[PDB]
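protein02.txt (compact mmCIF, C-alpha atoms) appears below.
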# COMPACT_ATOMS: atom_id res chain seq x y z
CA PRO A 163 41.09 -187.42 -13.87
CA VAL A 164 41.55 -190.78 -15.68
CA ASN A 165 37.78 -191.38 -15.27
CA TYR A 166 36.85 -188.10 -16.97
CA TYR A 167 39.51 -187.01 -19.42
CA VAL A 168 40.28 -190.28 -21.23
CA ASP A 169 38.24 -193.04 -22.82
CA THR A 170 39.74 -196.43 -23.57
CA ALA A 171 38.57 -199.30 -25.77
CA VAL A 172 39.71 -202.87 -26.43
CA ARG A 173 38.87 -205.01 -29.47
CA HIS A 174 40.19 -208.42 -30.51
CA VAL A 175 40.84 -209.06 -34.19
CA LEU A 176 41.51 -212.50 -35.65
CA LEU A 177 43.88 -213.59 -38.39
CA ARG A 178 44.88 -217.00 -39.78
CA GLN A 179 47.69 -217.07 -37.22
CA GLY A 180 46.36 -216.29 -33.74
CA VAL A 181 44.75 -213.16 -32.39
CA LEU A 182 45.90 -209.56 -32.29
CA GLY A 183 44.91 -207.13 -29.58
CA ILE A 184 44.02 -203.57 -30.43
CA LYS A 185 43.67 -200.94 -27.73
CA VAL A 186 43.05 -197.25 -28.25
CA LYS A 187 43.28 -194.55 -25.60
CA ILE A 188 42.37 -190.94 -26.43
CA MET A 189 42.32 -187.80 -24.32
CA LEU A 190 39.45 -185.31 -24.33
CA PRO A 191 40.46 -181.65 -24.76
CA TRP A 192 37.62 -179.44 -23.44
CA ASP A 193 38.54 -177.01 -20.67
CA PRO A 194 37.14 -173.61 -21.76
CA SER A 195 33.46 -174.63 -21.86
CA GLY A 196 30.87 -177.02 -23.29
CA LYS A 197 29.42 -179.31 -23.94
CA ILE A 198 29.99 -179.06 -20.77
CA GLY A 199 30.99 -182.71 -20.99
CA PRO A 200 34.28 -183.20 -19.08
CA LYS A 201 34.87 -180.65 -16.30
CA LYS A 202 36.58 -177.33 -16.93
CA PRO A 203 39.78 -177.64 -14.73
CA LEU A 204 42.91 -179.12 -16.32
CA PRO A 205 43.64 -182.74 -15.36
CA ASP A 206 47.24 -183.54 -14.47
CA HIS A 207 48.61 -180.14 -13.54
CA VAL A 208 45.60 -178.21 -12.35
CA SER A 209 46.12 -174.71 -13.68
CA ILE A 210 45.24 -171.37 -12.16
CA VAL A 211 42.91 -169.60 -14.60
CA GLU A 212 44.11 -166.05 -14.55
CA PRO A 213 42.36 -162.95 -16.00
CA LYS A 214 44.11 -159.57 -16.03
CA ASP A 215 43.07 -155.95 -15.63
CA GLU A 216 45.22 -153.12 -14.25
CA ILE A 217 44.79 -149.39 -14.92
CA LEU A 218 44.56 -146.19 -12.92
CA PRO A 219 44.45 -142.58 -14.06
CA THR A 220 42.90 -141.15 -10.86
CA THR A 221 43.35 -137.54 -9.73
CA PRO A 222 41.08 -135.74 -7.21
CA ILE A 223 37.90 -134.10 -8.52
CA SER A 224 34.20 -134.00 -7.61
CA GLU A 225 31.75 -135.01 -10.32
CA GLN A 226 28.10 -134.48 -9.46
CA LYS A 227 25.35 -136.77 -10.68
CA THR B 2 47.46 -128.48 27.77
CA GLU B 3 45.28 -131.27 26.37
CA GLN B 4 47.48 -134.34 26.08
CA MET B 5 47.11 -138.08 26.49
CA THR B 6 47.91 -140.57 29.26
CA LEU B 7 47.76 -144.37 28.95
CA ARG B 8 44.71 -145.33 30.98
CA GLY B 9 44.68 -149.12 30.97
CA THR B 10 44.06 -152.17 28.81
CA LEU B 11 41.25 -154.75 28.63
CA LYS B 12 41.63 -158.52 28.19
CA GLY B 13 39.18 -161.20 27.10
CA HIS B 14 39.56 -162.23 23.46
CA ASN B 15 41.19 -164.97 21.40
CA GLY B 16 40.79 -163.10 18.09
CA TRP B 17 41.80 -159.73 16.68
CA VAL B 18 39.54 -156.81 17.61
CA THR B 19 37.68 -155.85 14.44
CA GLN B 20 35.46 -153.00 15.66
CA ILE B 21 34.42 -151.27 18.85
CA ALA B 22 31.41 -149.02 19.39
CA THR B 23 29.73 -147.39 22.39
CA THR B 24 26.18 -146.08 22.91
CA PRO B 25 25.91 -142.56 24.45
CA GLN B 26 22.82 -143.84 26.34
CA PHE B 27 25.06 -146.06 28.46
CA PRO B 28 28.72 -144.93 28.34
CA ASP B 29 29.24 -147.46 31.17
CA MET B 30 28.78 -150.22 28.61
CA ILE B 31 31.09 -150.71 25.66
CA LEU B 32 30.78 -153.28 22.90
CA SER B 33 33.40 -155.07 20.84
CA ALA B 34 33.70 -157.55 18.01
CA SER B 35 36.52 -159.92 17.15
CA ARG B 36 37.71 -162.78 14.94
CA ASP B 37 37.00 -165.24 17.77
CA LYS B 38 33.51 -165.11 16.24
CA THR B 39 31.80 -163.48 19.23
CA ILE B 40 30.86 -159.96 20.28
CA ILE B 41 31.64 -159.24 23.93
CA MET B 42 29.61 -156.86 26.09
CA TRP B 43 31.68 -155.44 28.92
CA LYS B 44 31.14 -154.18 32.44
CA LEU B 45 33.31 -151.16 33.07
CA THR B 46 34.75 -150.68 36.49
CA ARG B 47 36.84 -147.53 36.58
CA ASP B 48 39.48 -149.10 38.85
CA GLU B 49 42.98 -148.85 37.43
CA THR B 50 43.89 -152.38 38.58
CA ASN B 51 41.83 -153.52 35.59
CA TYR B 52 39.54 -151.31 33.57
CA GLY B 53 36.65 -153.69 32.94
CA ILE B 54 35.49 -157.29 32.92
CA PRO B 55 33.39 -159.12 30.25
CA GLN B 56 29.76 -159.22 31.42
CA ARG B 57 28.39 -161.65 28.84
CA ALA B 58 29.56 -163.08 25.54
CA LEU B 59 27.15 -163.30 22.62
CA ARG B 60 27.75 -166.48 20.64
CA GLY B 61 26.80 -167.93 17.29
CA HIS B 62 28.71 -167.39 14.07
CA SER B 63 30.72 -169.64 11.74
CA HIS B 64 33.11 -166.94 10.56
CA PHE B 65 34.46 -163.57 11.77
CA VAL B 66 32.31 -160.71 13.01
CA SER B 67 33.51 -157.75 10.96
CA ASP B 68 31.56 -154.74 12.22
CA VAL B 69 29.13 -154.16 15.02
CA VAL B 70 27.01 -151.16 15.94
CA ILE B 71 24.75 -150.21 18.83
CA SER B 72 21.09 -149.21 18.81
CA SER B 73 20.00 -145.64 19.56
CA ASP B 74 18.20 -147.03 22.63
CA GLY B 75 21.13 -149.27 23.63
CA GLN B 76 18.66 -152.15 24.10
CA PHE B 77 19.49 -153.79 20.76
CA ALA B 78 22.72 -154.45 18.92
CA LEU B 79 23.42 -155.62 15.41
CA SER B 80 26.30 -157.40 13.71
CA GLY B 81 27.68 -158.03 10.23
CA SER B 82 29.67 -161.19 9.67
CA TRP B 83 31.78 -163.03 7.07
CA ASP B 84 29.31 -165.94 7.12
CA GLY B 85 27.14 -163.80 4.83
CA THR B 86 24.43 -163.08 7.41
CA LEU B 87 23.54 -160.48 10.01
CA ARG B 88 21.96 -160.88 13.44
CA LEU B 89 19.79 -158.60 15.53
CA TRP B 90 20.57 -159.08 19.19
CA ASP B 91 18.61 -158.41 22.36
CA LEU B 92 21.37 -157.17 24.60
CA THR B 93 19.75 -158.23 27.88
CA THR B 94 20.44 -162.00 27.88
CA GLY B 95 21.15 -163.09 24.31
CA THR B 96 18.35 -164.53 22.18
CA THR B 97 18.56 -163.13 18.61
CA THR B 98 15.31 -161.55 17.39
CA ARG B 99 16.06 -162.11 13.74
CA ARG B 100 18.77 -163.28 11.37
CA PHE B 101 18.85 -161.64 7.95
CA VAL B 102 19.10 -164.14 5.12
CA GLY B 103 20.48 -163.27 1.77
CA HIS B 104 23.98 -162.57 0.51
CA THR B 105 26.32 -164.82 -1.49
CA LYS B 106 29.52 -163.53 0.13
CA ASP B 107 30.74 -161.66 3.22
CA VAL B 108 29.01 -158.75 4.94
CA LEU B 109 31.85 -156.39 5.74
CA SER B 110 30.16 -153.20 6.86
CA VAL B 111 26.87 -152.50 8.50
CA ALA B 112 25.24 -149.53 10.21
CA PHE B 113 22.07 -148.77 12.10
CA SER B 114 19.95 -145.67 11.53
CA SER B 115 18.87 -142.92 13.93
CA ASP B 116 15.15 -143.64 13.51
CA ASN B 117 15.81 -147.40 13.91
CA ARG B 118 13.97 -148.48 10.76
CA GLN B 119 16.70 -148.66 8.11
CA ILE B 120 19.78 -150.86 8.23
CA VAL B 121 22.34 -151.07 5.41
CA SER B 122 25.10 -153.49 4.52
CA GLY B 123 28.30 -153.52 2.47
CA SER B 124 29.22 -156.82 0.91
CA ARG B 125 31.85 -158.51 -1.23
CA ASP B 126 28.85 -159.27 -3.46
CA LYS B 127 29.54 -155.74 -4.77
CA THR B 128 26.08 -154.72 -3.60
CA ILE B 129 24.85 -152.21 -1.09
CA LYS B 130 21.44 -153.32 0.13
CA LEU B 131 18.82 -151.92 2.47
CA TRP B 132 17.10 -153.90 5.19
CA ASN B 133 13.85 -153.46 7.09
CA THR B 134 14.03 -154.09 10.85
CA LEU B 135 11.63 -157.01 10.23
CA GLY B 136 14.54 -158.55 8.32
CA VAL B 137 13.43 -158.20 4.71
CA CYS B 138 14.78 -156.25 1.76
CA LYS B 139 13.33 -152.77 1.20
CA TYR B 140 15.71 -152.23 -1.73
CA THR B 141 18.87 -153.64 -3.29
CA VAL B 142 21.49 -151.55 -5.08
CA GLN B 143 22.95 -153.29 -8.11
CA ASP B 144 22.94 -150.42 -10.60
CA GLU B 145 25.68 -147.77 -10.49
CA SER B 146 27.33 -149.85 -7.75
CA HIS B 147 31.02 -150.38 -7.00
CA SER B 148 32.99 -152.62 -9.37
CA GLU B 149 34.92 -154.02 -6.40
CA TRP B 150 34.24 -154.89 -2.73
CA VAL B 151 32.23 -152.46 -0.59
CA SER B 152 34.44 -151.23 2.23
CA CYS B 153 32.20 -149.09 4.40
CA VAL B 154 28.80 -147.44 4.34
CA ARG B 155 27.43 -144.83 6.74
CA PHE B 156 24.15 -143.18 7.62
CA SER B 157 24.51 -139.40 7.57
CA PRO B 158 22.98 -137.19 10.29
CA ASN B 159 21.14 -134.35 8.56
CA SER B 160 18.33 -131.83 9.01
CA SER B 161 15.89 -134.49 7.85
CA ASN B 162 16.95 -135.52 4.34
CA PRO B 163 18.02 -139.11 3.51
CA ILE B 164 21.67 -139.43 2.48
CA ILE B 165 23.98 -142.44 2.92
CA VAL B 166 27.69 -142.76 2.12
CA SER B 167 29.24 -145.73 0.29
CA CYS B 168 32.87 -146.42 -0.55
CA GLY B 169 34.47 -149.41 -2.21
CA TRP B 170 37.84 -150.74 -3.34
CA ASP B 171 37.31 -149.21 -6.80
CA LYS B 172 38.82 -146.00 -5.30
CA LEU B 173 35.62 -143.96 -5.34
CA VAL B 174 33.14 -142.69 -2.78
CA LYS B 175 29.53 -142.70 -3.87
CA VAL B 176 26.86 -140.78 -2.02
CA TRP B 177 23.29 -141.99 -2.40
CA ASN B 178 19.95 -140.30 -1.79
CA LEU B 179 16.97 -142.51 -0.98
CA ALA B 180 13.67 -142.50 -2.89
CA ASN B 181 15.44 -142.39 -6.23
CA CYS B 182 18.49 -144.37 -5.05
CA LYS B 183 20.71 -142.42 -7.43
CA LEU B 184 24.31 -141.25 -7.40
CA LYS B 185 24.34 -137.86 -5.65
CA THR B 186 27.97 -137.58 -6.77
CA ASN B 187 31.17 -139.54 -7.45
CA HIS B 188 34.35 -138.45 -5.71
CA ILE B 189 37.60 -139.55 -7.30
CA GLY B 190 40.83 -139.58 -5.31
CA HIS B 191 43.19 -141.87 -3.39
CA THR B 192 45.60 -144.21 -5.12
CA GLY B 193 44.89 -147.70 -3.84
CA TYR B 194 41.72 -149.17 -2.36
CA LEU B 195 39.59 -147.46 0.30
CA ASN B 196 39.36 -148.93 3.78
CA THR B 197 37.08 -146.54 5.60
CA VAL B 198 35.01 -143.36 5.61
CA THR B 199 33.18 -141.60 8.42
CA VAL B 200 30.88 -138.60 8.62
CA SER B 201 31.02 -135.55 10.90
CA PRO B 202 28.37 -135.42 13.71
CA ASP B 203 27.02 -132.22 12.09
CA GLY B 204 27.04 -134.00 8.72
CA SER B 205 28.48 -132.09 5.81
CA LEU B 206 31.84 -133.84 5.48
CA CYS B 207 33.31 -137.21 4.62
CA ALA B 208 36.77 -138.01 5.94
CA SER B 209 38.00 -140.89 3.79
CA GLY B 210 41.16 -142.96 3.80
CA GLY B 211 42.56 -146.20 2.53
CA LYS B 212 45.72 -147.95 1.35
CA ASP B 213 47.03 -144.49 0.41
CA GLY B 214 46.72 -143.56 4.08
CA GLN B 215 45.94 -139.98 3.13
CA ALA B 216 42.97 -138.18 4.62
CA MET B 217 41.05 -136.36 1.90
CA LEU B 218 38.10 -134.20 2.80
CA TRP B 219 34.97 -133.94 0.72
CA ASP B 220 31.87 -131.79 0.96
CA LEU B 221 28.57 -133.64 1.12
CA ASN B 222 26.32 -130.92 -0.28
CA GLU B 223 28.76 -128.51 -1.95
CA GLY B 224 30.56 -131.36 -3.73
CA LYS B 225 34.08 -129.96 -3.54
CA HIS B 226 37.51 -131.42 -2.82
CA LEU B 227 38.69 -129.37 0.17
CA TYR B 228 42.22 -130.69 0.73
CA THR B 229 44.40 -133.71 1.48
CA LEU B 230 46.73 -134.50 4.40
CA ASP B 231 49.52 -137.08 4.71
CA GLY B 232 48.23 -139.55 7.28
CA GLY B 233 51.05 -142.08 7.13
CA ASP B 234 51.39 -145.56 5.66
CA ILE B 235 47.81 -146.81 5.95
CA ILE B 236 44.67 -145.74 7.81
CA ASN B 237 42.21 -148.51 8.51
CA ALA B 238 39.66 -146.69 10.66
CA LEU B 239 38.69 -143.08 11.32
CA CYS B 240 36.41 -141.47 13.87
CA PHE B 241 35.61 -137.78 14.46
CA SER B 242 35.29 -136.50 18.05
CA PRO B 243 31.81 -135.72 19.44
CA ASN B 244 32.78 -132.61 21.42
CA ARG B 245 35.62 -131.23 19.30
CA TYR B 246 36.67 -130.80 15.71
CA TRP B 247 39.46 -133.32 15.96
CA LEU B 248 39.99 -136.43 13.84
CA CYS B 249 41.68 -139.55 15.13
CA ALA B 250 43.55 -141.67 12.58
CA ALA B 251 44.52 -145.28 13.24
CA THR B 252 47.90 -146.18 11.74
CA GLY B 253 49.95 -149.30 12.50
CA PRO B 254 52.47 -148.39 15.25
CA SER B 255 50.61 -145.36 16.56
CA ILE B 256 47.32 -143.50 16.62
CA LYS B 257 47.58 -139.97 15.23
CA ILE B 258 45.17 -137.52 16.85
CA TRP B 259 44.77 -134.43 14.67
CA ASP B 260 43.46 -131.00 15.53
CA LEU B 261 41.55 -129.65 12.55
CA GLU B 262 41.49 -125.95 13.46
CA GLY B 263 44.36 -125.28 12.75
CA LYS B 264 45.51 -128.39 10.91
CA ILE B 265 48.22 -130.01 13.01
CA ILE B 266 48.99 -133.23 14.90
CA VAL B 267 48.29 -132.92 18.64
CA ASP B 268 50.12 -136.06 19.78
CA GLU B 269 50.97 -139.58 18.66
CA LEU B 270 49.80 -142.38 20.94
CA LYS B 271 52.48 -144.97 21.53
CA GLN B 272 51.70 -148.16 23.38
CA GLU B 273 54.16 -150.64 24.94
CA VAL B 274 57.46 -150.61 23.04
CA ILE B 275 58.49 -154.19 24.03
CA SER B 276 61.40 -155.65 22.04
CA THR B 277 60.21 -157.81 19.15
CA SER B 278 61.33 -158.01 15.50
CA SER B 279 60.73 -157.10 12.67
CA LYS B 280 57.50 -157.09 10.66
CA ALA B 281 55.12 -155.19 12.95
CA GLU B 282 57.09 -155.01 16.22
CA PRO B 283 53.94 -153.54 17.88
CA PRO B 284 50.58 -154.90 16.60
CA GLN B 285 48.74 -152.76 14.04
CA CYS B 286 45.85 -150.63 15.28
CA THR B 287 42.83 -151.42 13.17
CA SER B 288 39.76 -149.84 14.82
CA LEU B 289 39.06 -147.03 17.24
CA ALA B 290 36.09 -145.22 18.73
CA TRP B 291 35.52 -142.29 21.07
CA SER B 292 33.43 -142.31 24.22
CA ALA B 293 30.58 -139.78 24.35
CA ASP B 294 32.35 -138.05 27.26
CA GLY B 295 35.22 -137.31 24.87
CA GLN B 296 37.74 -137.83 27.67
CA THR B 297 38.50 -141.43 26.81
CA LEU B 298 39.03 -143.24 23.54
CA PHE B 299 39.51 -146.91 22.85
CA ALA B 300 41.46 -148.82 20.23
CA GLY B 301 41.35 -152.21 18.53
CA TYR B 302 44.58 -154.11 17.96
CA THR B 303 45.57 -157.48 16.55
CA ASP B 304 47.09 -158.75 19.82
CA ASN B 305 43.50 -159.29 21.09
CA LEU B 306 43.55 -156.28 23.43
CA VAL B 307 41.68 -152.99 23.65
CA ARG B 308 44.00 -150.26 24.92
CA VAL B 309 42.39 -147.32 26.71
CA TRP B 310 43.65 -143.72 26.87
CA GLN B 311 42.37 -140.60 28.60
CA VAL B 312 42.85 -136.87 27.93
CA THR B 313 44.67 -135.03 30.70
CA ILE B 314 45.04 -131.26 30.97
Any chance you could put this one into structure tokens?
Amino acid sequence: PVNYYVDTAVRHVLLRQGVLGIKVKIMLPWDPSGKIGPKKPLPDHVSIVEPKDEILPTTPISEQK
Amino acid sequence: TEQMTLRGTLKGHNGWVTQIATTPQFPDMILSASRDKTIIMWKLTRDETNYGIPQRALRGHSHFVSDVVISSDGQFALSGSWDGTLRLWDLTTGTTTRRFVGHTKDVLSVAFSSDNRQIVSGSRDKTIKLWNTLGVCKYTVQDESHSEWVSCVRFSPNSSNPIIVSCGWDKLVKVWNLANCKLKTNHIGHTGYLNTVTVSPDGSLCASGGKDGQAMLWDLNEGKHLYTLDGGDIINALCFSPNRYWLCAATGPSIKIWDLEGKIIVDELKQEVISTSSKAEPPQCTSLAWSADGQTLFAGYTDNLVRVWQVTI
């Protein structure tokens, strides 16, 4: 997942005394949909995407069509 | 009085028996399917040392063979399989005539018409579909279909009119008439998903069952809910008798053979009672089918055996 869900950059910046190293690492958030850019599953703990429906009211009858 | 004796038991499978069928043209054949991904055609000797030997073994599937049915001539045989395809066999050496291409998921149920020109299929696609014998799609049903998996479809014997049964896991039984492909009716009933349905040889009835394990009776043409019977824990397969008005219900530890006129249980078939514990001490019975003689019936179990019985007076 490190290849998809993060980007990482490095830039050197000078000053009058030596060099300072900057590094920035940022994590991409998309999981529901789109662009689609990074893939929809979650990275580190890969979650079970769970919809819900649950009803019954059934009783016996014949309904002609 | 008409009662049952344990006839014998067949052997020759590595996978659970899924279905059995028999052609009345040759009652000396019998056909079987299994989760060893092969359908086995038998050679029945009536010796009680055995009761039959496998003649040939038809091969070529990459997943289970769910249901199987014979031709009306007995010279062809057809299969429905969880690899999403069907095959049309030539039951003389092997050599498939045709394989039917097009489903995205399993083909659970399948049946073969009386005129040998219409072949249907139930799928986990949530589509009933019709198939020419040339192996192309006459029609596809995707409107007013089940909202869950299609459990079993049937061709109905009738005076001449086209009627086909359909039942799914959405706890409904839909009856369809061809050449408009409409809902003839919707029958509501049974708590829990439907496993099976079967039609009377006369054809005016639909004996249905499922997870509920209750046997409700419906009228094909009247469209009325006759009654309900307590059929035990679960009923996976049903089959009317050809020469009686009985109904034979396949429950886990036993098969319950019911006389219909009057409504009562004749006997309960018990197999070997060998000591085992605890979740399914005997194997569940899952399929069953009568012979055309009506003396003998057969059963599918999950121990890879087909147990035989015979009626004795």
Using all atoms listed in the file, I'd like a table of the residues in chain A that come within 10 Å of chain B; for each, show the closest atom pair and its distance in Å rounded to one decimal, ordered by chain and ascending number, as a Markdown table.
| residue | atom | partner | partner_atom | distance |
| --- | --- | --- | --- | --- |
| A:218 | CA | B:192 | CA | 8.1 |
| A:219 | CA | B:192 | CA | 9.2 |
| A:220 | CA | B:190 | CA | 6.1 |
| A:221 | CA | B:190 | CA | 5.5 |
| A:222 | CA | B:190 | CA | 4.3 |
| A:223 | CA | B:189 | CA | 5.6 |
| A:224 | CA | B:188 | CA | 4.8 |
| A:225 | CA | B:187 | CA | 5.4 |
| A:226 | CA | B:186 | CA | 4.1 |
| A:227 | CA | B:186 | CA | 4.8 |
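The spacing separating atom CA of residue B:23 from atom CA of residue B:290 amounts to 7.7 Å.
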Might I get the box with edges along x, y and z of the file that holds all atoms of stretch 28-37 of chain B listed there, padded by 8 Å on every side, given as centre and edge lengths in Å to one decimal, as JSON?
{"center_x": 33.2, "center_y": -155.1, "center_z": 23.1, "size_x": 25.0, "size_y": 36.3, "size_z": 32.2}
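Computed from the coordinates, the atom CA of residue B:238 to atom CA of residue B:221 distance equals 19.6 Å.
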Q) Could you name the residues that touch stretch 34-44 of chain B at 8 Å or less, counting only C-alpha atoms, but leaving out those on the same chain fewer than 2 positions away, as a VMD selection string? A) chain B and resid 14 to 21 29 to 32 46 53 to 69
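As for atom CA of residue A:216 and atom CA of residue B:106, they are spaced 23.7 Å apart.
Neighbouring residues of stretch 3-11 of chain B at 8 Å or closer, counting all atoms listed in the file and skipping chain neighbours under 2 positions away, are residues 13, 49, 51, 52, 53, 54, 267, 268, 270, 272, 306, 307, 308, 309, 310, 311, 312, 313 and 314 of chain B.
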